[PDB]
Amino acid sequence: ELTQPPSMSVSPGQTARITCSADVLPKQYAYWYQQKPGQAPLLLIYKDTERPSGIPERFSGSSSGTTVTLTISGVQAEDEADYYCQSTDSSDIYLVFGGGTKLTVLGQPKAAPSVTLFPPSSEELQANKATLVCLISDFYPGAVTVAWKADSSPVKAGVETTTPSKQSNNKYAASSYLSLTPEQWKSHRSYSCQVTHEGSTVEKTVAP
């Protein structure tokens, strides 16, 4: 089995060194691939050290004993991605991938979330349903917690929240949905979506 670090951070311009290790590597060539979210992997390095046409020289590969190393020089923001080593098993027949290494390029400015909260629409209430919609965008880093309240009291039931996902501007977004009956909605003076990010909270309130 092939072991590489799950994660690694580096600053722009620095050099990244991703190592992958296994007993079988002295006898088996390795291959390095880059994968950006939602894309097909891209071959960076083959036969331990050879770089295909189209891959920039910033990427190089080396071998030493039971380790192989991918080196990225002059790391740029666009090198943020997962890097995978690949070789063959001790069976000498079956191909195996490493777990992959997520490369984070430091320097993204922190950013507090913007929160929009929508109450149930008229149409939905006529259909005898009620959904509150809390939309959370433009935050970095990509971790948030969402808490819902009705009239000072927390609400846990009927909550559905996405995982944070990266937007086109490299900040993150998430959404949370609170499902209610029209009777609960009309029963309280207000409802609130509270979004916590890096020890601070942004809260929106709606009312029937």
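Note that residue numbering begins at 1 and tracks the sequence as displayed.
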message: Quick check on the record: does 58-66 or 176-184 carry the larger mean Cα temperature factor?
response: 58-66
- prompt: Between 16-24 and 187-195, which has the higher average C-alpha B-factor in the PDB entry?
  reply: 16-24
message: Looking at the C-alpha B-factor values in the deposited entry, which of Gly100, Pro119, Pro113, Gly107 comes out highest?
response: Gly107
- request: Using the entry's values, work out which of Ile136, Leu132, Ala77, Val96 has the largest Cα B factor.
  value: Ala77
- request: Report the third (lowest, middle or highest) to which the CA temperature factor of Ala127 belongs, ranking only the modelled residues of the same chain.
  value: highest
query: C-alpha B factor of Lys156, ranked within the chain: lowest, middle or highest third?
result: highest
field: CA B-factor ranking of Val202, expressed as a third of its chain
entry: lowest
- request: Can you work out whether the C-alpha temperature factor of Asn170 puts it in the lowest, middle or highest third of the chain?
  value: highest
- request: Determine, from the deposited record, the chain-internal third of the Cα B-factor for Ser87: lowest, middle or highest.
  value: lowest
